[PDB]
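Reading through the structure tokens given below for one structure.
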Amino acid sequence: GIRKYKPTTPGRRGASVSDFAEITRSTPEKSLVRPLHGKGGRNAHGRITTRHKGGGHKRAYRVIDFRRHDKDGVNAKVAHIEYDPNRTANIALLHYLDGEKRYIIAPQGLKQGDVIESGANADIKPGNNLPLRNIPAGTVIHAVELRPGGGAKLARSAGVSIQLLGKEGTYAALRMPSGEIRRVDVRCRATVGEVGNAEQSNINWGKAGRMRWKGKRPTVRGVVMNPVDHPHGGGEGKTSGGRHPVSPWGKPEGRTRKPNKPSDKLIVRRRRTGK
Amino acid sequence: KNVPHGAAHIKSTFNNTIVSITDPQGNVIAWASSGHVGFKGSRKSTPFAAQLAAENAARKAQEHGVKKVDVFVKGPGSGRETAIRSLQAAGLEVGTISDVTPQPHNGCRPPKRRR
Amino acid sequence: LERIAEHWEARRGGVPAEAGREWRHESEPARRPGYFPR
Amino acid sequence: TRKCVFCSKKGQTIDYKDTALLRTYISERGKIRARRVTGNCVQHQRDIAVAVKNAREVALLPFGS
Amino acid sequence: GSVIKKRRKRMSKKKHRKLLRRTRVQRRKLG
Amino acid sequence: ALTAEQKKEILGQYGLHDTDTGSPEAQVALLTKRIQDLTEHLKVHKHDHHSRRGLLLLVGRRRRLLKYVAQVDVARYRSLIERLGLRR
Amino acid sequence: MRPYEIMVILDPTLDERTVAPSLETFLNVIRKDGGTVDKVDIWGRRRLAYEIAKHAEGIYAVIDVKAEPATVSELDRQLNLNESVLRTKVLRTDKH
RNA sequence: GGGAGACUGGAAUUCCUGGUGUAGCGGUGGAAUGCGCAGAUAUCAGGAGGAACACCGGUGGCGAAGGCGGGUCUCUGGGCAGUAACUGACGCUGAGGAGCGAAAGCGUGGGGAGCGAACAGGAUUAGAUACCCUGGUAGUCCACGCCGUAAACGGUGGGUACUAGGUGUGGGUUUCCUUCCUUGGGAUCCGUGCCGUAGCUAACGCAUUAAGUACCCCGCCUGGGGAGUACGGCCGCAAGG
């Protein structure tokens, strides 16, 4: 849930923290942890390709099983629910009956001690993973593939879910968290339920220090630059940019999705704004 | 085309009347409206305008090979019976009469009362 | 002069109107069939 | 007036399965007949109405044919 | 009871509410 | 409310003799069990105000019965209070 | 351990001869739970009053069961998950 | 139809897609804005979504009041009748106090079909910051909290006993006509209406569900405005109470 800080200092006045109620263990699994180092927003040339990145707490990677396809018919027990610094959701540690441990993004309502099954013969309880062909229409799913074998790509953020609308032919129509309606192959696998930690969006971060801990560097508005730096820069006193708003590299606002993509045939209707 | 049997849908609202002779599969082959026969405004809510529209639609279906029709009447009563009689009088044999008026089971909110 | 107006705004409230309501002197009489309703 | 055929010593039980017993109680439009034209007591009228709704839900009776 | 008394009371109440609306910011800043 | 089985076992525990049902001890014990059941019910349905009113009525009746017991004999009142785990 | 009556509608496509065995496996949840009892009755291939899931025909089944409230909900939940079941309904054959 | 939770059904409105199909549709006292000719309205098929639950359904039921009817299941409150087994006055009222409390409104997060304050045009008008028409945002819906007011009215505080009857209707017990099917009829308990005595009232009216006859406890009134306002205080995010 959400715990609210008392206004003891000006930096804590409206601030709030996550109430880590679902966490049952404060340490990760050693055999599933990989090193992770910050890039600073810089690519292979050493150039800043993404602004406002750098700093922030050190973190380690937990290997998430986004490709649950080999343990079909093998049951798992939820051993622990842990905190993951690399994503907004929490992760659940599974104990497979054959003696293998894995990580999955914890769905909503999953508890320690639950039983998680996978495959075409699994139930439709939260946490189970089966191909979309075996999932009835109208249910709520998450961690969906895009191609049959590529691993889960859609509906992975905290509190997010996908609604399975209907299947026709080899395609199942889905409603994305964005509201967009899309078609995907039925062979693609998905997990039943919503993603947990749904209240994490309501966190008031309070001070600049917390965002600096999270690895965000300060953002300078383009209107307070010089015209050599930003198209909006220049002018005596405050100004509105003196032109229609544009990116720091001069591109105007508007649609940026490339026309005639191969996936245009697989999209029923794009998301909507201002309705 | 040549459709010997057809359907006639009559929609009589409080200020208009629309007749559309329809192929039994739901396709519209000839339609006439109260404003299509030269009436406008309040004039087209009259039973006489409904009669004219019904007769016009009946002719425009008759040259299409429609001889026998069944009527699906609908809407608040303004010129429904006059429309039926004008359908029969224009050389069309009217077999069966069914009143299909959409009756909600208490669903949407109606507009506020006028004063 | 206010009581004399007699334009539309002056007589819009007196128009019998009230479909099947507010029986007035000039309200349209109900059409009656020859046979009893039963 | 009329007779509450369900308060009698031969009053058959009311079910949502026996379709004919309910068909005798709905009008030709599929609407539930009123209590006065039927004559049964208030408890039996409620039983009839609940049975009719249940039967409609399992597609045993039309939803207003 | 005559609705005249209700009318007098309602005119008083309406005028007071109008006065309260007209001086909201002034009252907030003075108190 | 309580079924017959819990009523009988509670009455057998707290009844003054093997027949009484209206003794203040029996009434208070039954009210206590009913109140605990209602409390656990209201823990789940926080917005069931109508049942909460009945809970208040039961609490008042038990308070009155305990008042009567204390005014009649303080020893019985102390014994009942300690046996049922009540404060006052 | 309350008595229930469970009426299901199965789609008409499947063979009527496989309905009786297939239900019996479904009621294994109530049988194994707490020592419960069923009386399965079948009267199928009856036309519906209205279209249900693109179907005008339907196979009606009536199950009389005496189980725990938790058990019957579990049976009901599985039945709706199965695609061969068009609709289902649970009644309490008690005074309710 | 007492309350809470979960799941779920059908009609209709709206929108989207695709057929048929043309030149109007819509709206009014009468019109115009508006929609349509880029193919509208109409008609058929499919799809998405939200909200409210026709007939049953009433001066009928339940709840302390506010209020409560699509279906099913789970959990739960009260009431009535009979037996009278049990306790043996344990009752009543209740200053302050606590809780609940329509609608509107407020906060945070969702949702948004229809309706729709504000706001836009059109019309009417001498003028229309309105009535009417076309659009239409908050809001109405859900979750979790605030608010604490209503013609929150039966304009009738709670408890108890007594004082002609007649007639409907809801729930339950029982004797006698007896087919025992039948509102057969009676008796009795608990509700809910109508008419009417005695009595009361300024009158209207009330009248065994009292506004009659009495006893116990509480709240409130003391000419009309100023004024349920100012000042102070308490409560509330604010509106405000």
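In the structure tokens, each chain is lettered A, B, ... as it comes, each chain's residues begin at 1, and ligands are numbered from 1 in order of appearance.
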Restrict the calculation to only C-alpha atoms (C1' of nucleotides), then for each residue of chain E with any atom at most 12 Å from an atom of chain H give the closest atom pair and their distance in Å to one decimal, rows by chain and rising residue number, as a tab-separated table.
```
residue	atom	partner	partner_atom	distance
E:1	CA	H:155	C1'	9.7
E:3	CA	H:151	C1'	11.1
E:5	CA	H:224	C1'	11.3
E:6	CA	H:151	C1'	10.6
E:8	CA	H:225	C1'	10.4
E:9	CA	H:227	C1'	10.0
E:12	CA	H:227	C1'	9.1
E:13	CA	H:228	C1'	9.6
E:15	CA	H:229	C1'	11.3
E:16	CA	H:229	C1'	8.5
E:17	CA	H:240	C1'	10.6
E:19	CA	H:229	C1'	11.8
E:20	CA	H:240	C1'	10.5
E:21	CA	H:239	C1'	10.3
E:24	CA	H:239	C1'	10.8
E:28	CA	H:238	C1'	11.4
```
message: Among stretch 31-79 of chain G, which ones does DSSP assign to alpha helix (DSSP H) (computed from the backbone)? Answer as a PyMOL selection string.
response: chain G and resi 31-34+69-79
field: Distance query residue A:82 at most 9 Å, only C-alpha atoms (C1' of nucleotides), self and fewer than 3 positions along chain excluded, as a ChimeraX atom specification
entry: /A:22-28,90-93,106
Take the selection from the previous step and output its residues with C-alpha atoms, as a PDB file, in the first residue's frame.
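New file again28.pdb:
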```
ATOM      1  CA  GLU A  22       3.628  -8.045  -0.138  1.00  0.00           C
ATOM      2  CA  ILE A  23       7.400  -8.381   0.304  1.00  0.00           C
ATOM      3  CA  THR A  24       8.164 -11.522   2.316  1.00  0.00           C
ATOM      4  CA  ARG A  25      11.966 -11.519   1.966  1.00  0.00           C
ATOM      5  CA  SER A  26      14.532  -8.719   1.890  1.00  0.00           C
ATOM      6  CA  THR A  27      17.233 -10.479  -0.145  1.00  0.00           C
ATOM      7  CA  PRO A  28      17.346 -11.865  -3.690  1.00  0.00           C
ATOM      8  CA  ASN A  90       7.266  -7.098  -7.674  1.00  0.00           C
ATOM      9  CA  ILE A  91       8.706 -10.516  -8.479  1.00  0.00           C
ATOM     10  CA  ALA A  92       7.681 -13.909  -7.114  1.00  0.00           C
ATOM     11  CA  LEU A  93      10.167 -16.723  -6.551  1.00  0.00           C
ATOM     12  CA  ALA A 106       4.134 -11.200  -9.344  1.00  0.00           C
TER      13      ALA A 106
END
```
task: List every residue of stretch 4-79 of chain B that DSSP, applied to the backbone, labels as strand (DSSP E or B), and write the result as number ranges by chain.
output: B: 5-12, 17-22, 28-33, 68-74
query: Got a sec: who's within 10 Å of residue D:3, counting only C-alpha atoms (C1' of nucleotides), leaving out chain neighbours fewer than 6 positions off, as a ChimeraX atom specification?
result: /D:38-41 /H:182
Once you have the residues from the selection above, write them out as a PDB file, in the first residue's frame, restricted to N, CA, C and O atoms (P, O5', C5', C4', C3', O3' and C1' of nucleotides).
```
ATOM      1  N   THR D  38     -55.257 -12.792 -12.336  1.00  0.00           N
ATOM      2  CA  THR D  38     -54.913 -14.161 -11.974  1.00  0.00           C
ATOM      3  C   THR D  38     -55.686 -14.613 -10.744  1.00  0.00           C
ATOM      4  O   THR D  38     -56.346 -15.658 -10.761  1.00  0.00           O
ATOM      5  N   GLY D  39     -55.615 -13.841  -9.664  1.00  0.00           N
ATOM      6  CA  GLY D  39     -56.363 -14.143  -8.466  1.00  0.00           C
ATOM      7  C   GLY D  39     -55.594 -14.830  -7.363  1.00  0.00           C
ATOM      8  O   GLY D  39     -56.171 -15.086  -6.299  1.00  0.00           O
ATOM      9  N   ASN D  40     -54.317 -15.133  -7.564  1.00  0.00           N
ATOM     10  CA  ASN D  40     -53.586 -15.824  -6.516  1.00  0.00           C
ATOM     11  C   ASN D  40     -53.142 -14.848  -5.430  1.00  0.00           C
ATOM     12  O   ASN D  40     -53.139 -13.627  -5.605  1.00  0.00           O
ATOM     13  N   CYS D  41     -52.778 -15.410  -4.282  1.00  0.00           N
ATOM     14  CA  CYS D  41     -52.361 -14.595  -3.156  1.00  0.00           C
ATOM     15  C   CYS D  41     -50.992 -13.980  -3.430  1.00  0.00           C
ATOM     16  O   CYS D  41     -50.269 -14.378  -4.347  1.00  0.00           O
TER      17      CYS D  41
ATOM     18  P     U H 182     -59.690 -23.793  -3.700  1.00  0.00           P
ATOM     19  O5'   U H 182     -61.059 -23.194  -3.149  1.00  0.00           O
ATOM     20  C5'   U H 182     -61.085 -22.394  -1.975  1.00  0.00           C
ATOM     21  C4'   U H 182     -62.396 -21.662  -1.839  1.00  0.00           C
ATOM     22  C3'   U H 182     -62.461 -20.600  -0.750  1.00  0.00           C
ATOM     23  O3'   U H 182     -61.938 -19.346  -1.175  1.00  0.00           O
ATOM     24  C1'   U H 182     -64.389 -21.992  -0.650  1.00  0.00           C
TER      25        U H 182
END
```
- request: Could you give me, as a ChimeraX atom specification, the residues within 12 Å of residue A:30, counting only C-alpha atoms (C1' of nucleotides) and dropping anything in the same chain fewer than 3 positions from it?
  value: /A:27,33-35,60-63,93,101-102
Keeping only N, CA, C and O atoms, take the residues you just selected and write them out as a PDB file, in the first residue's frame.
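Output below, filename out-v6.pdb:
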```pdb
ATOM      1  N   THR A  27      16.048 -10.196   0.645  1.00  0.00           N
ATOM      2  CA  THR A  27      17.233 -10.479  -0.145  1.00  0.00           C
ATOM      3  C   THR A  27      16.861 -11.264  -1.391  1.00  0.00           C
ATOM      4  O   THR A  27      15.893 -12.028  -1.383  1.00  0.00           O
ATOM      5  N   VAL A  33      20.967 -13.802  -9.797  1.00  0.00           N
ATOM      6  CA  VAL A  33      21.343 -12.394  -9.769  1.00  0.00           C
ATOM      7  C   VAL A  33      22.505 -12.182 -10.726  1.00  0.00           C
ATOM      8  O   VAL A  33      23.493 -12.923 -10.686  1.00  0.00           O
ATOM      9  N   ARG A  34      22.382 -11.177 -11.589  1.00  0.00           N
ATOM     10  CA  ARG A  34      23.412 -10.809 -12.541  1.00  0.00           C
ATOM     11  C   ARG A  34      23.848  -9.368 -12.308  1.00  0.00           C
ATOM     12  O   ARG A  34      23.050  -8.542 -11.861  1.00  0.00           O
ATOM     13  N   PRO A  35      25.102  -9.038 -12.600  1.00  0.00           N
ATOM     14  CA  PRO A  35      25.562  -7.662 -12.396  1.00  0.00           C
ATOM     15  C   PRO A  35      24.914  -6.692 -13.369  1.00  0.00           C
ATOM     16  O   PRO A  35      24.592  -7.031 -14.509  1.00  0.00           O
ATOM     17  N   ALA A  60      21.307  -4.597  -8.964  1.00  0.00           N
ATOM     18  CA  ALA A  60      21.665  -5.863  -9.579  1.00  0.00           C
ATOM     19  C   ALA A  60      20.453  -6.442 -10.289  1.00  0.00           C
ATOM     20  O   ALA A  60      19.308  -6.197  -9.900  1.00  0.00           O
ATOM     21  N   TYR A  61      20.711  -7.211 -11.339  1.00  0.00           N
ATOM     22  CA  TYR A  61      19.652  -7.758 -12.173  1.00  0.00           C
ATOM     23  C   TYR A  61      19.199  -9.108 -11.639  1.00  0.00           C
ATOM     24  O   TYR A  61      20.026  -9.963 -11.313  1.00  0.00           O
ATOM     25  N   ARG A  62      17.887  -9.292 -11.546  1.00  0.00           N
ATOM     26  CA  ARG A  62      17.291 -10.589 -11.259  1.00  0.00           C
ATOM     27  C   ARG A  62      16.734 -11.161 -12.551  1.00  0.00           C
ATOM     28  O   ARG A  62      15.954 -10.499 -13.240  1.00  0.00           O
ATOM     29  N   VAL A  63      17.131 -12.388 -12.879  1.00  0.00           N
ATOM     30  CA  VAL A  63      16.729 -12.998 -14.143  1.00  0.00           C
ATOM     31  C   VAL A  63      15.253 -13.370 -14.050  1.00  0.00           C
ATOM     32  O   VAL A  63      14.869 -14.225 -13.250  1.00  0.00           O
ATOM     33  N   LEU A  93       9.203 -15.646  -6.388  1.00  0.00           N
ATOM     34  CA  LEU A  93      10.167 -16.723  -6.551  1.00  0.00           C
ATOM     35  C   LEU A  93       9.432 -18.055  -6.525  1.00  0.00           C
ATOM     36  O   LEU A  93       8.765 -18.381  -5.538  1.00  0.00           O
ATOM     37  N   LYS A 101      14.405 -23.188  -9.413  1.00  0.00           N
ATOM     38  CA  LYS A 101      13.888 -21.921  -8.920  1.00  0.00           C
ATOM     39  C   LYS A 101      13.913 -20.891 -10.040  1.00  0.00           C
ATOM     40  O   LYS A 101      14.860 -20.846 -10.828  1.00  0.00           O
ATOM     41  N   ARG A 102      12.866 -20.073 -10.113  1.00  0.00           N
ATOM     42  CA  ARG A 102      12.729 -19.088 -11.176  1.00  0.00           C
ATOM     43  C   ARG A 102      12.063 -17.835 -10.630  1.00  0.00           C
ATOM     44  O   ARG A 102      11.535 -17.814  -9.517  1.00  0.00           O
TER      45      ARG A 102
END
```
message: As an exercise, work out the distance from atom CA of residue A:186 to atom CA of residue A:118 in Å and give it to one decimal place.
response: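 Computing it gives 15.9 Å between the two atoms.
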field: Distance of atom CA of residue B:33 from atom CA of residue B:95, expressed in Å to one decimal place
entry: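 According to the coordinates, atom CA of residue B:95 and atom CA of residue B:33 are separated by 22.4 Å.
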message: Counting only C-alpha atoms (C1' of nucleotides), a student should be able to say which residues of chain H come within 10 Å of chain C; what is the right answer, written as an NGL selection string?
response: :H and (29 or 124-125 or 131-132)
- request: Show which residues sit within 8 Å of stretch 36-51 of chain F, as a VMD selection string. Count only C-alpha atoms (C1' of nucleotides), and ignore same-chain residues fewer than 2 positions away.
  value: (chain F and resid 32 to 34 53 to 55) or (chain H and resid 2 to 5 75 to 77 100)
Only C-alpha atoms (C1' of nucleotides), please: the residues just picked out, written as a PDB file, in the first residue's frame.
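Contents of part.pdb, freshly written:
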```
ATOM      1  CA  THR F  32     -21.321 -12.363  24.004  1.00  0.00           C
ATOM      2  CA  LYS F  33     -21.099 -15.133  21.418  1.00  0.00           C
ATOM      3  CA  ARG F  34     -23.501 -13.309  19.100  1.00  0.00           C
ATOM      4  CA  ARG F  53     -27.145  -1.087  14.548  1.00  0.00           C
ATOM      5  CA  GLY F  54     -28.248  -4.542  15.681  1.00  0.00           C
ATOM      6  CA  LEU F  55     -24.782  -5.009  17.150  1.00  0.00           C
TER       7      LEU F  55
ATOM      8  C1'   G H   2     -33.978  -4.910   5.582  1.00  0.00           C
ATOM      9  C1'   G H   3     -28.233  -4.595   4.819  1.00  0.00           C
ATOM     10  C1'   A H   4     -23.245  -5.901   2.707  1.00  0.00           C
ATOM     11  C1'   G H   5     -20.144  -8.789  -1.026  1.00  0.00           C
ATOM     12  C1'   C H  75     -22.594 -13.469   5.143  1.00  0.00           C
ATOM     13  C1'   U H  76     -25.848 -10.822   8.288  1.00  0.00           C
ATOM     14  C1'   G H  77     -29.976  -7.417  11.235  1.00  0.00           C
ATOM     15  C1'   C H 100     -26.469   6.679  11.204  1.00  0.00           C
TER      16        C H 100
END
```
message: Based on only C-alpha atoms, which of the residues in chain B come within 12 Å of chain D? I want them as number ranges by chain.
response: B: 98-100, 102-105
Distance query residue G:47 at most 8 Å, only C-alpha atoms (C1' of nucleotides), self and fewer than 6 positions along chain excluded, as a list in words: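 That gives residues 56, 57 and 58 of chain G.
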Written selection (N, CA and C atoms) as a short mmCIF file (atom, residue, chain, number, x, y, z; two decimals), in the first residue's frame:
```cif
data_model
loop_
_atom_site.label_atom_id
_atom_site.label_comp_id
_atom_site.auth_asym_id
_atom_site.auth_seq_id
_atom_site.Cartn_x
_atom_site.Cartn_y
_atom_site.Cartn_z
N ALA G 56 -29.08 -21.78 -31.18
CA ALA G 56 -30.52 -21.85 -30.98
C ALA G 56 -30.96 -23.14 -30.33
N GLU G 57 -30.14 -24.18 -30.45
CA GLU G 57 -30.39 -25.46 -29.81
C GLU G 57 -29.58 -25.55 -28.52
N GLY G 58 -30.00 -26.44 -27.64
CA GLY G 58 -29.28 -26.62 -26.39
C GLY G 58 -29.64 -27.93 -25.73
#
```
query: atom CA of residue A:115 to atom CA of residue G:26: how many Å, to one decimal?
result: 21.0 Å
Please, which residues of chain B lie no more than 12 Å from chain C when the count uses only C-alpha atoms, and can they be set out as a compact mmCIF listing (two decimals) with N, CA, C and O atoms, in the first residue's frame?
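Output contents, as saved in part26.txt:
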```
# COMPACT_ATOMS: atom_id res chain seq x y z
N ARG B 113 -38.69 16.91 -18.93
CA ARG B 113 -40.01 17.31 -19.40
C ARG B 113 -40.00 18.75 -19.88
O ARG B 113 -39.33 19.61 -19.30
N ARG B 114 -40.74 19.02 -20.95
CA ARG B 114 -40.82 20.36 -21.50
C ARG B 114 -41.85 21.20 -20.76
O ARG B 114 -42.75 20.67 -20.10
N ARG B 115 -41.72 22.51 -20.86
CA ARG B 115 -42.66 23.43 -20.24
C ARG B 115 -42.89 24.66 -21.11
O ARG B 115 -43.87 24.73 -21.85
```
field: Residues of chain D within 10 Å of chain G, only C-alpha atoms counted, as a list in words
entry: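 Every residue meeting the condition is included here: residues 17, 54, 55, 56, 57, 58, 59, 60, 61, 62, 63, 64 and 65 of chain D.
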query: Looking at H:61, H:112, H:26, H:10, which one is nearest to chain A, with distances taken over only C-alpha atoms (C1' of nucleotides)?
result: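 Ranked by minimum distance to chain A, first place goes to H:112.
Distance annotation: of G:74, G:68, G:15, G:24, the residue with the minimal separation from residue G:38 is G:24; atom set is only C-alpha atoms.
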